[PDB]
């Protein structure tokens, strides 16, 4: 019961949904409401800036509703409509999810041109379907860092002199706050001769400022400087200061 569609642009990012375009009437809007009910509404913001014009055209959502449902559990999803032109873009962690959506798009409206522009955020291999988040990342992060940072007593296992790994961890660290993060600072204490406590405290602040600059939510970041305690080594030689000078990052 159609032949052409109007220019519609819809972009979804995180928990924000921006709808802008035109509708052939109010009856068509009802169909959209059904596809929206699935989307969400609560802590999620939903705006519909669609104008009603008794001249424009729209694609029927008869067998398209099921398609939106498959893409409902996928963020960064977007859809561009332009008459005989249909382009859908978005980021899909699990390739398996895209496979199902890809078929849905083709099944949605085969009588039209469809272009799948989905990129993998680094995930695809048949793994735990859940957008490889910062889950147990703490265990995996240890591998990415594969370097000394806290409690290290390895005779001599691997001696990499790089820093690129730090930038990599920061990227993953920015989405790690999903849980709780605790930052501890190790240092000695003697008063004046040690003055390690003041430096350890201020030092932690520098770390937070850097991580936060990468997009790390400092609203869940906690720092605690425990000096004097757990006196790994004594304070007397240059090695003593470095021995106690330690830091650790833990995310729940």
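Each residue's number is its place along the chain shown, starting with 1.
Cβ coordinates come from backbone N, Cα and C, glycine included.
Record features (Swiss-Prot):
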DOMAIN    53-122  domain 'BON'
DISULFID  134-176  disulfide bond
DOMAIN    138-252  domain 'OmpA-like'
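Counting residue by residue with DSSP, the domain 'OmpA-like' (138-252) contains 46 helix, 20 strand, 49 coil. Non-local contacts of residue 134 (disulfide bond) by the CB criterion (under 8 A, 6+ apart in sequence, same chain) comprise 172, 173, 175, 176, 178, 179, 251. Annotation note: residue 134 (disulfide bond) sits in a coil segment as assigned by DSSP.
The 10 Å shell around the Cβ of residue 176 (disulfide bond) contains 25 further Cβ atoms across the protein chains shown.
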